[PDB]
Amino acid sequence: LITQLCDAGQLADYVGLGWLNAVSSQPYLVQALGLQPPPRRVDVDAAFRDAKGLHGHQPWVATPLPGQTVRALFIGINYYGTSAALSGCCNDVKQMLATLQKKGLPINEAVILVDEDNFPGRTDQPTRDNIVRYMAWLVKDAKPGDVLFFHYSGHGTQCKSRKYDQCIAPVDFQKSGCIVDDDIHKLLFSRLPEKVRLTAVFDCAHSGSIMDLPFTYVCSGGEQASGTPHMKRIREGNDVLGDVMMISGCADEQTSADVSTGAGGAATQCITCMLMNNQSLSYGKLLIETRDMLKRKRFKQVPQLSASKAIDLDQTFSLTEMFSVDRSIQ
């Protein structure tokens, strides 16, 4: 890792560009994309082949973690100039980058796929083919102790099969089709070895996908700081060896007593809030705090944490550590 600003010249100061404190952290509008035609399913072999030439860059200087390397992929898509246009997804990536910089995550290599022009550090356009190959890039070199970070802000929708699948929409989905959640799970999760940690944040207002992960916890309205939350199993079987954690937003599962909000940006506010809390709180306590923040800011969604193992929610939240397993969950 580069540990001095004289080593490779000046690096980005995303905090200094106002990306932590001077951009909107409010909900933004996300109109549902219609049902899409069948996608082109991913050939994982081709993806990993097309990834061998690829590389990221070190986005800032930070203190390196002994025995660990950090890699990150950020995808933000505004679909400029189309009926799919969204105002806040590239801004979500801005906030994610500035928060990681502020908290000093020592990223060795980052790839930034955004469709915003003049975006410092942008690697390439978030097309179907770039998303696929850079997803493979993120996981391809992973060795014990490694830490991977993934963030997507853009449309989530449904697509037909050759009944419907959940999917994400690349910037060129009109020409190239979407990427189904099964394929994302295969690219990002299924090829991790043991002892590698990944955190994946999906900010999709209109897909409830948890990327096929076996355990989940929704921090709904009736949860309290003086309760003891646990994850639950929602799928039989598991093909993930690594420690994958996913943050997304979903509908509150508490039934309302009823007898304005915004849909875009919740998952990004959730993870950035979690990181900006400076107190080394547990997953469980921290999710309560973020739930309260989301409600206060008029987001529609509550936090949803999903994982490849039943995480003991008394464990301290981090992006870098392997999970302590809740043995009470089969």
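Numbering starts at 1 and runs along the sequence shown.
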Going by the PDB record, how many residues of the deposited sequence fall between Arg162 and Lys163 without any coordinates: none, 1 to 3, 4 to 9, or 10 or more?
4 to 9
Out of 4-12 and 320-328, which stretch has the higher average CA B-factor listed in the record?
4-12
Once average C-alpha B-factors are taken from the entry for 64-72 and 288-296, the winner is 64-72
Options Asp243, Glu253, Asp92, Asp172 - largest CA temperature factor per the record:
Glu253
Kindly indicate the residue among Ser248, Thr228, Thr216, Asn108 with the greatest C-alpha B-factor in the PDB record.
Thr228
State the tercile, meaning the lowest, middle or highest third, of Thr127 with respect to the CA B-factors recorded for its chain.
lowest
Just say lowest, middle or highest third for the CA B-factor of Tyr283 relative to the other modelled residues in its chain.
middle
Ranked C-alpha temperature factor of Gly154 among modelled chain residues, by third:
lowest
Of the three thirds of its chain by CA temperature factor, lowest, middle or highest, which one includes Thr261?
highest
Among the modelled residues of its chain, the C-alpha B-factor of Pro193 falls in the third labelled highest
